[PDB]
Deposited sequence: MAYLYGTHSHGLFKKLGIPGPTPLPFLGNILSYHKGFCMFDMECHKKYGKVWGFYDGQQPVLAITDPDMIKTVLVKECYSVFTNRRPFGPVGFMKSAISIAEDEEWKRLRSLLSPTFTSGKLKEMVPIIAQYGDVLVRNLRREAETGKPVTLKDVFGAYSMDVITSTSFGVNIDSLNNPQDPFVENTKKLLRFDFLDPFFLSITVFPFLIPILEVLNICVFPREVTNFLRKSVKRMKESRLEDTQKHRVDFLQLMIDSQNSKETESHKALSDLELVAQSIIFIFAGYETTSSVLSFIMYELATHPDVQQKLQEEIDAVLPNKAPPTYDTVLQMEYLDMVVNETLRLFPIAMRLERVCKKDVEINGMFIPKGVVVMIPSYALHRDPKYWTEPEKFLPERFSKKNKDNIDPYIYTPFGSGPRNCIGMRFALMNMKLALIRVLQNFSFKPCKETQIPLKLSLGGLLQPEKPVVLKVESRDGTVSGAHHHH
């Protein structure tokens, strides 16, 4: 099965029996993609175990794949390990079902519903600040993914179930506990590599009701949600919107829970990780930090509370965000399974092949980015923003299966930063990893957690 790309005349690294090329993940996904990109060019193929994966780097062709042919051919992602009842979550479902879920859930993530979510996201901004100042006045360097996680948690809990925790001060609350155990899967830990040399074990683990979503976290939320559904009904958040939806093809009950669980993860270690990266940059780039706090004071004088509207009135802030997402696209890769034999942009691609877009690699490709390793937000200036190909820069994917939560994430994030730079400036500690090396793991997160210094303006 390792002859495939040789036949198609597509170049790539020589696979080992059974292993395919996975030994080459010893420096993380990202480093492997850049290296293939340099060595082979615009297209290459390789083998996660026996599985052909075809990498592509042409924007037309990438558009063809994420847009033009999404429904017909490229509808789904690759399977990755036993998910149990979580089979039914939107990010994991296939074909007509996913097509369906997207619809049931899409209204929920509208700008308009989002704007109603703003003042709740506001209140925990106050918590974040107050918690920070306690560490600021005790001049002790601060690990971010803690205080940001604690914030990221409060937001989720509240924005999706109305649960109102100071999680940084109550990691004791059974709710907060469960919710944390939902962490970014280390796709390069002992498990998933084995899942990829031995995917024939996925059904094995399914019938064994083994689940990558801790059977306890899920058995908790499942019945947790079942209590909420029956206390609201009858006596603004995601659950409401989703409960409203199934009040008609309409969403189910177990289905509803598994969606919640997705939303819960997503907004947690992603929102948390990204902010960490941003403060790392804001910290190792004092001028950018300052220009930012200048925007926030001119659009919002006197430490004025942000509204929905004033947030989007802030362009530089957006630039910084975008630029950070370029440097750290926490997905690293987009993928779609080729469900039929197809020709796209004059290239034959056979069924079962997994088509991959190496986002990380593209973001640091010299050919589109001057000095791509540098952190330069002016890349995304209203002037320069026009020159950036949407199929090269894809922090949130693209097409019918892009990040459904994109607007909410950006709003969520921006809301925190604004309230954080209104009060504090962030400075590198002797202990701050400079330069920030990347987790050679299967996560896009830093090698070492970001520690900085926090001062009260």
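- Missing from the model, relative to the deposited sequence, are the ranges 1-8, 244-248, 262-267, 477-487.
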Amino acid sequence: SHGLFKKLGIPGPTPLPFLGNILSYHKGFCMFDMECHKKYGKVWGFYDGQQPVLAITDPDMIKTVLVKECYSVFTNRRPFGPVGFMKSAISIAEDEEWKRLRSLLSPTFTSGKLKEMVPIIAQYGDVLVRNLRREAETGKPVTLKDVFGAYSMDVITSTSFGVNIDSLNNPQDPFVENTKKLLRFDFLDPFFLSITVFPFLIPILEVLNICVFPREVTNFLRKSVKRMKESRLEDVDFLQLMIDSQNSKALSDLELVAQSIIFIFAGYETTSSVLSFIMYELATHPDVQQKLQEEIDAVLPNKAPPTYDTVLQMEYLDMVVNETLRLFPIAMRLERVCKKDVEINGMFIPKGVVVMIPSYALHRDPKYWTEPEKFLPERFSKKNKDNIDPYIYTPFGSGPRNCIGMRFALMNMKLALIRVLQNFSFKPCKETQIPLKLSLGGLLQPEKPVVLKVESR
From here on, numbers count along this sequence of modelled residues.
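Whichever C-alpha set is largest while still superposing within 1.5 Å between the two forms counts as the rigid core.
- Relative to the displayed structure, the C-alphas of 79-87 lie farther away on average in 9 other deposited structures of this protein than those of the other candidate, with 79-87 and 125-133 compared after rigid core superposition.
- Superposing on the core and measuring CA offsets in 9 other deposited structures of this protein, the stretch of 96-104 and 170-178 with the greater mean deviation is 170-178.
- Among other deposited entries of this protein with both flanking residues present, none omit coordinates for residue 227; it is modelled throughout, well short of a third.
- Coverage remark for residue 248: absent from the model in at least one third of the other entries compared whose chains are built on both sides.
- Taking the PDB entry as given, 139-147 carries the higher mean Cα B factor of the two stretches 275-283 and 139-147.
- As listed in the deposited structure, the average C-alpha B-factor of 21-29 and of 444-452 is greater for 444-452.
- Across the residues 95, 315, 341, 177, the deposited record lists the maximum Cα B factor for 177.
- When the C-alpha B factors of 379, 181, 336, 102 are read from the deposited coordinates, the top value falls at 181.
- Split the chain's modelled residues into thirds by C-alpha temperature factor. Residue 41 is in the middle one.
- In this PDB entry, residue 223 carries a Cα temperature factor that places it within the highest third of its chain's modelled residues.
- In the deposited entry, the Cα temperature factor of residue 297 places it in the middle third of its chain's modelled residues.
- The entry lists a Cα temperature factor for residue 326 that places it in the lowest third of the chain's modelled residues.
- Residue 375: CA B factor lies in the middle third for its chain, per the PDB record.
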